[PDB]
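Enquirer: give me a model of this one.
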Amino acid sequence: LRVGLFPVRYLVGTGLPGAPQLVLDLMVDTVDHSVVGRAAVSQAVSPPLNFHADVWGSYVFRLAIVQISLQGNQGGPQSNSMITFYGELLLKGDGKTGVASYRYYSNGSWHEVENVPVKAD
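Expert: Residues are numbered from 1 along each chain as shown. Okay, here it is:
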């Protein structure tokens, strides 16, 4: 409801057959430097991976990287559900490309995807 917000969609992954794919639909508040949105992790493997989380975090600019830290769960930050997602995006300063790592919880275990490409749109 305040002026300072914009959306952005990031596709995180190598894009290789059978590789994990993370889609982040993010809201960015350029005043408080805060971020909120959704994470979806899928993989065209057998069985199908359909992981989802409400995510939140913040961004920081260092001179040129824009670093976005995210964590997530079922419901968001006011929910007391366990954190099931952590992500760190190291985007180039234009906010359109970069590298990312993340960890997600599924089937009683953590799964980590490290240093994969990031693109917007």
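
Enquirer: for the rest of this, base every contact and every neighbour count on C-alpha atoms.
Expert: Fine.

Enquirer: the most centrally placed residue in the chain bridge partners, please.
Expert: Nearest to the geometric centre of the chain sits residue 24, at 4.8 Å (Cα atoms, centre = their mean). Beta-bridge partners for residue 24, by DSSP bridges, are residue 10, residue 39.

Enquirer: and the longest strand that the chain contains, C-alpha only, in CSV?
Expert: Identified as the longest strand of the chain according to DSSP state E is strand 49-62. What follows is strand 49-62, C-alpha atoms only, in CSV (Å, rounded to 0.1, in the frame of the first residue of the first chain):
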residue,chain,number,x,y,z
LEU,A,49,8.9,-32.8,-6.5
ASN,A,50,6.4,-30.0,-5.7
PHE,A,51,7.8,-28.0,-2.8
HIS,A,52,6.2,-24.7,-1.9
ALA,A,53,6.9,-22.1,0.7
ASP,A,54,5.9,-18.5,1.7
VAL,A,55,9.2,-16.7,1.9
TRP,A,56,10.5,-13.4,3.4
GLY,A,57,13.9,-11.7,3.9
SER,A,58,15.8,-8.7,2.8
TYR,A,59,18.3,-7.3,0.4
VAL,A,60,21.6,-5.5,0.7
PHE,A,61,23.7,-3.7,-2.0
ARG,A,62,27.5,-4.0,-2.0
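
Enquirer: now it: buried residues?
Expert: Within strand 49-62, the residues that qualify as buried are 51, 52, 53, 54, 55, 56, 57, 58, 59, counting by 16 or more other Cα atoms under 10 Å.

Enquirer: so the residue nearest to the last one when sequence neighbours are not counted is in which element?
Expert: Okay, so that is residue 59. Distances taken as Cα to Cα, 6 or more residues apart in numbering put residue 68 closest to residue 59, at 4.3 Å, once the chain neighbours are dropped. Element membership for residue 68 (DSSP states H and E) is strand 65-73.
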